[PDB]
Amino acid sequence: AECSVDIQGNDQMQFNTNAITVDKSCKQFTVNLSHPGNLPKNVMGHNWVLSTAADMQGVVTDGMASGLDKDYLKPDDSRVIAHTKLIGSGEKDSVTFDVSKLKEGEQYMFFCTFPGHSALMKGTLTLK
């Protein structure tokens, strides 16, 4: 949609899109995440996390180490550009971030940091 995308994380550990395009004319961009299905957060929680492609692994390893109560993200992690909370089925969360935080010609990855989901739940974000 205009400077926003709606994305779903389902009970089969899948995001419904795997490529996000942000137009340079946008001052801000909003991601609206929902979780179709019936499984709870401790079993199939999902969040949408954005970092550069280079930082994804560091973000994922340290997130796993933060625990369920920390939504599997290291608090005040400097490499995370934007993120939602970790949501279970039937819940919703959105994030709006400034497009000035993205740079031309840098590769960005969005992903879910719940233990073991990033191998399957990830995609590219591109500023065009």
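Position 1 is the first residue in the sequence shown; the rest follow in order.
In this crystal structure, the stretch out of 73-81 and 41-49 whose C-alpha atoms carry the higher mean B factor is 73-81. Higher average CA B factor: 17-25, of the stretches 17-25 and 106-114.
Note on the listed residues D55, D98, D93, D62: the highest Cα temperature factor in the record is that of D93. Residue-level temperature factors show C3 in the highest third of its chain, judged at the C-alpha atom. In the deposited entry, the Cα temperature factor of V31 sits in the bottom third of values across the chain's modelled residues. Placement of the Cα temperature factor of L127 within the chain: highest third of the modelled residues, per the deposited record.
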